[PDB]
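# A structural walkthrough
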Amino acid sequence: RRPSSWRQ
Amino acid sequence: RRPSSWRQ
Amino acid sequence: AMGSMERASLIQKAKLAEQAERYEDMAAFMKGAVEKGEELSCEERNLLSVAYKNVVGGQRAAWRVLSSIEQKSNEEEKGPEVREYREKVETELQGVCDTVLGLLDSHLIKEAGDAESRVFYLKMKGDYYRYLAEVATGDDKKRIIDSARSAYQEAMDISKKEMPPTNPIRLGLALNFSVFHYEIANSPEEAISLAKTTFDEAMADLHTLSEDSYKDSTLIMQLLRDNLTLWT
Amino acid sequence: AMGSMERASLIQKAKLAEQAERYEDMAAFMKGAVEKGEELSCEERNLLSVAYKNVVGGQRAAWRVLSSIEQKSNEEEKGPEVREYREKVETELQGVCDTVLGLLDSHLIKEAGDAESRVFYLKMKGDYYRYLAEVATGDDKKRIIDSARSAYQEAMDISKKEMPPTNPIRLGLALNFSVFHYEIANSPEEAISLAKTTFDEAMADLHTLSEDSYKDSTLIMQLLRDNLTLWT
Ligand SMILES: *Cc1ccc(-n2ccnc2-c2ccccc2Br)cc1Br
Ligand SMILES: *Cc1ccc(-n2ccnc2-c2ccccc2Br)cc1Br
Ligand SMILES: [Ca+2]
Ligand SMILES: [Ca+2]
Ligand SMILES: [Cl-]
Ligand SMILES: [Cl-]
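Residues numbered from 1 in each chain as written, not as in the entry; some residues may be left out. Chains lettered and ligands numbered in written order. Heavy atoms only, no water. Residues with missing side-chain atoms left out of burial classes, pairs and counts.

- Per the deposited record, determination of this structure is attributed to X-ray crystallography, with the resolution reported as 1.4000 Å.

This is the structure we're talking about:
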């Protein structure tokens, strides 16, 4: 999958 | 809650 | 704004917009397709309905959030901002409903001669007047409510004469008219009666259906049952 | 367009728009607030970031859907519609990124003197160049990538000198720069090294934190760990 960037 | 109208 | 795009390209792009969850674009493409002046096929009518239901559904959800905040404020004496922003969202919502009603009036309904198309468009007309009624407070609120009622009633009359009780558009129309009765017209007994009679008459007709038609009809019957469970 | 609304009213309306999930409105309100010319508080910077991240996040998701459909088409020789619509969404996305970068350049970054604000805005600059790089294919693609790298690198240099290793903005910056390395710069080893060093140095500093700060820092550390698990 796509990686996690910052998100709240 | 609110009732269900048509939705797919 | 869509006048220079081919009808078939607008339809293709509406389907792509649906896949991308770009419902504002989807609605603009389908408005462009309607404005080509030709009648809509079954699939095309569904694309038009899905697009605008998603647009107005987001607006209604936002309006309800803001209306609740505004009500709590009117029970620290804050300023005009909550009312102003609720009014902004409300005006946008009314504009979308007026756009849909304008497409139905110019000229989808008048050219719809088959029962399936005519009932579909009259159901839409009832729905969008119902959304206007949800936010209405002024001199014309009773007339908006009656416009919804009249459109739903004409659709019901046609559907009962021309369609089997399991027809999905007939079922969805009855579902939405029952919601109108409960939520808008302050007629919970009428809402319950309509939902129960619709459910029971569809149940008695399921034996005539293929497996695929049975799936379509029972899905909507479950929505009728969900409301009856909520209301009783 | 927001020039006639009070700064405080724009901020209040941005918070209402967030509650109503009206992120396009939220971004327009926060753009209006930035254009008042005053510096932004910590809370206000977060509102600006949340608003635009949600707007551009929806655009990126739609672009990826359409790009995948277009790629499958280029492997029945259909017409120009998929490319045209992907290009339409792409141009909209680029416009939003250019709007954010324009706010940062006029004049949020130049007035940001404290480490917390300067790192925040440089991280944003890296992020929005990274989103431009995701769709870039032409003469300037290497320069867009280098613009993202340069902004992230300046933010990293400040963050390592001025902030503890558990500071949430420092952690989120390192997370996003690592994603840049993996996804944009074709440097998976650099991405993995950065994520591991960031995680380990934050772990060693958790003992200094209150319970609430510990929760904030460990939440972002888990995102670093999730990427390391995906990449190794
Ligand atoms: C309001 C309503 C109710 C049912 C449907 N529906 C469900 C399955 N097929 C259909 C349908 C009915 C009429 C025209 C097209 C379609 Br796909 C749809 C709607 Br808007
Ligand atoms: C990119 C990023 C990383 C962390 C946060 N974050 C998490 C908890 N608080 C904060 C924060 C950091 C800096 C200014 C305001 C805030 Br609420 C936020 C972001 Br955009
Ligand atoms: Ca006709
Ligand atoms: Ca300053
Ligand atoms: Cl407003
Ligand atoms: Cl297009």
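## Points about the relation of the copies chain D and chain C
- Under the fitted operation, chain D is carried onto chain C by 0.0 Å of movement along the axis and a turn of 180°, and the coordinates agree to an RMSD of 0.0 Å. Expressed as a symmetry operation, the mapping of one chain copy onto the other fits a two-fold axis. Relative to the rotation axis, the C-alpha of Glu24(D) is the closest in chain D, positioned 6.2 Å from it.
- When the interface residues of chain D are mapped onto chain C, 100% of them are again interface residues, pointing to one common binding face. (Least-squares fit on C-alpha atoms. Contact = heavy atoms within 4.5 Å.)

## Here we look at the packing of aromatic side chains
- Inspection of every chain in the model, using the stated rule, returns 14 aromatic pairs over all chains.
- A ring pair is formed by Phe29(C) and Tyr85(D), whose centres lie 5.4 Å apart and whose planes are at 80°; its orientation type is edge-to-face. Of this pair, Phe29(C) sits in helix α2 (residues 23–34) while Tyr85(D) sits in helix α4 (residues 81–111), placing the two residues on different chains.
- Among the aromatic residues, ring-to-ring pairing joins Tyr152(C), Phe177(C) and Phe180(C) into one connected group.
- Over the ring of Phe199(C) we find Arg225(C); its NZ or CZ atom is 4.4 Å from the centre of that ring.
- Lying over the aromatic face of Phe120(D), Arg45(D) brings its terminal NZ or CZ to 5.8 Å of the ring centre. (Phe/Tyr/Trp six-rings, centres within 6.5 Å; stacked < 30°, edge-to-face > 60°. Helix = DSSP H or I, 4+ residues; strand = E, 2+ residues; numbered from the N terminus. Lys NZ or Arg CZ within 6 Å of the ring centre and 35° of its normal.)

## Digging into the site of ligand 1
- Looking at ligand 1, the residues that line it are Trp6(B), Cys42(C), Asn46(C), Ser49(C), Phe120(C), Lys123(C), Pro168(C), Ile169(C), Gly172(C) and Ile220(C).
- Chains contributing residues to the immediate surroundings of ligand 1 are chains B and C.
- Secondary-structure elements contributing two or more residues to the shell around ligand 1 are α3 (42–73), α5 (115–135) and α7 (168–184) of chain C.
- A class-by-class count of the residues in the shell around ligand 1 yields six nonpolar, three polar and one charged. (Near = heavy atom within 4 Å. Nonpolar A, V, L, I, M, F, W, Y, C, P; charged D, E, K, R; others polar.)

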